[PDB]
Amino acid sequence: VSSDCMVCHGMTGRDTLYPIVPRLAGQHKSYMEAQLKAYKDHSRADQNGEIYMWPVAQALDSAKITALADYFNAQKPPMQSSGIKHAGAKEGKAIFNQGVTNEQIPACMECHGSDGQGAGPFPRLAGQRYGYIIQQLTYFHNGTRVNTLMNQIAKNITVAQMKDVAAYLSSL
């Protein structure tokens, strides 16, 4: 019953309910799967996750998690820019692809791929919602969304740069 999801995550013709609800279309299976399991075992405990995903995840078994992961991964069209213009695309592009050395900000593409397509456990960011990206970078920077990799990666990202990388990524 994907309509246990689509109310919020939207549907082929409707975006997600709010900027903080990430698009799922085309997200990699292993990633989707990891998140759903994290929500289920509460390992991903950032605020929005606790509030809007622990509940629904609690009613998911290994089989459904995988079924769902598969479903959204195949969804078409994969998560795309809504068309809403976000300032900083250029800035964010340089950050995503080149990172910022003196600020010790890693080049995002090394893990998220040449253009935010991601791969397996490394999530696609291309086409993700602007607010959602900023929100997750905030959670990673905050430490409220626990992930050794991203907690370390987000350590030096400022709110301003989060917006740039978000603008860029959500425009893809």
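Counting begins at 1, following the sequence as shown.
- The mean Cα B-factor in the deposited entry runs higher for 53-61 than for the other of 53-61 and 101-109.
- Legend: mean Cα B-factor per stretch from the PDB entry, 117-125 versus 62-70; the higher mean is in 62-70.
- Split the chain's modelled residues into thirds by C-alpha temperature factor. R14 is in the highest one.
- When the modelled residues of the chain are ordered by C-alpha B-factor, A89 sits in the middle third.
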